[PDB]
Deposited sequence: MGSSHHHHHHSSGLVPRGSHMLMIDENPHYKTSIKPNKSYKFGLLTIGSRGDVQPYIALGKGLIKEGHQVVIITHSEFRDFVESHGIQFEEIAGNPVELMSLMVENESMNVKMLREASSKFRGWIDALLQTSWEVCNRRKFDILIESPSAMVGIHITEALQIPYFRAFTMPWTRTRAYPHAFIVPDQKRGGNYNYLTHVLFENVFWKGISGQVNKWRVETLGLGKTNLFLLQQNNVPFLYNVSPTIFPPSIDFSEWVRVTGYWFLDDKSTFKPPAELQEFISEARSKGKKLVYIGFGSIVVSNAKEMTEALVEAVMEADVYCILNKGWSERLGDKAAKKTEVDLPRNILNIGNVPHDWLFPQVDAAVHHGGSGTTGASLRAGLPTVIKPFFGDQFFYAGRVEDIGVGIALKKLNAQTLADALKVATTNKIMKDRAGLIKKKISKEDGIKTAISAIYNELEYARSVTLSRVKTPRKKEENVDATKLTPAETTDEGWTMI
């Protein structure tokens, strides 16, 4: 409608930040001003795409670091973890308020894992939107992203996981948040009843093919489509990668990507050896994007054969159309990239919403959820994913449906259509 200053706020990893870059670029092209508010590590990434950056604390790697490496006695580790956690929350609260209160955004869009947005927008009296890539609103259709059961349960169970999560999350931070609300933001104390979080317009930046809206979604909870960044333009592929791909094809071998993102594992070399053995057993060429290790870190430890190339990060929109299947961790964005390219997809989930997407790929018939990762289960899965016609057709159909979605345009329309509602929701919390 007219030129607004957006603040787009998120914490987490690349997959929390990249969709906001895509949305930010789209908003800039609609005439608006955009600041992405996230961790220092992502400044160059954000600025390389023409978006303004502001730093906040709240980097979850800091918390993961204490769960892996702290090896003091039990109660000491717990005290040290609680204190680090409390200090990390405090820094997130204080840095996010300092940015927002200085910049005077017209509109704030936030991932709700960042916690601060509903309070900050109340203090500044501005429209507020949530956006996220995993189930996070009350519904019977899907369990909460962090409480996915081993196998599907009924709708009341799913609904109750959301109620439990919202209560655990709030009550875990409510002491610190209410102190900050009172001492710093100038507000009164709040609780779940006053926050009415389920009133806030919510943008699920995922395809409705994988995450269809549920019969019980509110009107302002919208599944927009993935917010794809499109980095194939400007990517200059290194020679080794081009030669490897051409060699696979010249030799008539199937070509697979394997990559589990960043993870910490018990035995790095054993995992690598099981992947190598699996790739040898299934007669395949493998583009490997290793990010596992015993400590946070330093990639390839053992002698890899001719049919395996350890490459860094390569933009998936360039690579995925050229391979026959992909094996990955089921991260929301990575799943979007494999589905967008019509790849049969093997997922080995490790944490959180990866379990959600692993089940969804199996349910939609486009891939296989690995329970156990070893040389045999992966070799079987690689055989099915590179030869099963039904699965390839289902992956093709999903590719077709995703190509007709335009998640960014849908999300921007949703913002314009919901702006006045979003303002009204904020103002209802003002006393």
| request: Walk along the deposited sequence from position 1 and note every stretch that has no C-alpha coordinates. | output: 1-36, 334-337, 472-498
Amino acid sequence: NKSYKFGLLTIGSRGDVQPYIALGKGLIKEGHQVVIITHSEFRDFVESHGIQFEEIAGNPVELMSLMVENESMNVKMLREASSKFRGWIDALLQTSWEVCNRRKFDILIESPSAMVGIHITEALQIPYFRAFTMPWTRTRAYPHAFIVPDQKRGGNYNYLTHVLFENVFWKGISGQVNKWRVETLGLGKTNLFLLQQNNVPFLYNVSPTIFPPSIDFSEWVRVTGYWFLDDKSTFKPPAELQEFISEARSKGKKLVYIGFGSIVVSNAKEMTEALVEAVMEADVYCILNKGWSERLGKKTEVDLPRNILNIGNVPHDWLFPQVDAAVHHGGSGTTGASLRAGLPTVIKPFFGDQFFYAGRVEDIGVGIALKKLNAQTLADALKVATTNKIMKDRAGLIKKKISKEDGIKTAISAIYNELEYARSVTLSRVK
From here on, numbers count along this sequence of modelled residues.
| note | The stretch whose C-alpha atoms carry the larger average B-factor in the entry, 260-268 or 322-330, is 260-268
| Given 191-199 and 313-321, the range whose Cα B-factors average higher in the PDB entry | 313-321
| note | Per the deposited entry, the peak Cα B-factor within the set 120, 206, 147, 284 goes to 284
| Residue with maximal Cα B-factor (values as given in the PDB entry) among 37, 68, 34, 61 | 68
| query | Taking the C-alpha B-factors as the PDB entry records them, is residue 130 in the lowest, middle or highest third of its chain? | reply | lowest
| query | Ranked by Cα temperature factor within the chain, is residue 2 in the lowest third, the middle third or the highest third? | reply | highest
| task | Grab the CA temperature factor for residue 427 from the record and place it in the lowest, middle or highest third of its chain. | result | middle
| field | Position of residue 387 among the chain's modelled residues by C-alpha B-factor, lowest, middle or highest third | value | highest
| query | residue 222's Cα B-factor: lowest, middle or highest third of the chain? | reply | lowest
